[PDB]
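For reference, the chain that follows is the form deposited in one PDB entry, supplied as structure tokens.
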């Protein structure tokens, strides 16, 4: 590892015990060194999971406080390695971070998104990706709302048409009946976008409430008809035993 990075970690270890142990400039230098040598390294789209693991082993050799601080370190955007790793769909790096045992999977960036919510933008490619995403979902609050529009991971995955993340969220019993700031549900979003497969997955959820209305007083059925989604309307009628 970078000798400057280890020295920065020793400075932060002292600071985390005692905030009068560093000057404010020494804190800024140590924090900046960790962002440059650790966060920018680990956050690359094809960052190597073994290089990340080697870093985590070294951090774990210092205080538990140091491991927690460095794994969860945020940049000026409030983004941690986990935020970037999930965004780039680097699931082997996500898995190494989860294996640290100190990951804060619900921590929101300044745009108001947790890593669980940013998984909603990812396209899963292998069973390995599914298994890592399921672990991330089992650890976090998959019903949390984003500060931007009060959207859940499930609504975001539906709006981005990420069927594999929708399946993973529903396998973890994501609440399908949450309403965003506009009173919109994941089902209404599936109807508006014409995501037929996703609508069918949502309607397969036993407690799916098709009676909910958004702030314009629209139900999922009204949104489906307005969007010219005849097939999704028929799935709603089948759900209703018509």
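Residue numbers count along the first chain shown, from 1.
FYI, the form deposited with a partner chain bound isn't displayed, but the following is about it.
Engineer: Of the options 173, 216, 50, 46, which one has a non-hydrogen atom that comes within 4.5 Å of its partner chain in the entry with it bound?
Structural biologist: Spelling it out, the residue with a heavy atom inside the cut-off is 216.
Engineer: Do residue 84 and its partner chain come within 4.5 Å of each other in the entry with it bound, heavy atoms counted?
Structural biologist: Yes, residue 84 lies within 4.5 Å of its partner chain in the entry with it bound.
Engineer: Is residue 193 near its partner chain? Define near as a heavy atom within 4.5 Å, in the entry with it bound.
Structural biologist: Residue 193: contacts its partner chain in the entry with it bound.
Engineer: Tell me, yes or no, whether residue 90 is in contact with its partner chain in the entry with it bound, where a contact means a heavy atom of each within 4.5 Å.
Structural biologist: No, residue 90 stays farther than 4.5 Å from its partner chain in the entry with it bound.
Engineer: Would residue 95 show up as a contact with its partner chain in the entry with it bound if we use heavy atoms at 4.5 Å?
Structural biologist: Judged by the heavy-atom cut-off of 4.5 Å, residue 95 is well away from its partner chain in the entry with it bound.
Engineer: Using a 4.5 Å heavy atom cut-off, which stretch among 203-211, 22-30, 181-189, 51-59 contacts its partner chain in the entry with it bound?
Structural biologist: Only one stretch passes the 4.5 Å heavy-atom test: 181-189.
Engineer: Taking its partner chain in the entry with it bound, would 132, 137 and 168 all count as contacting it (heavy atom within 4.5 Å)?
Structural biologist: Heavy-atom distance to its partner chain in the entry with it bound: none of the three under 4.5 Å.
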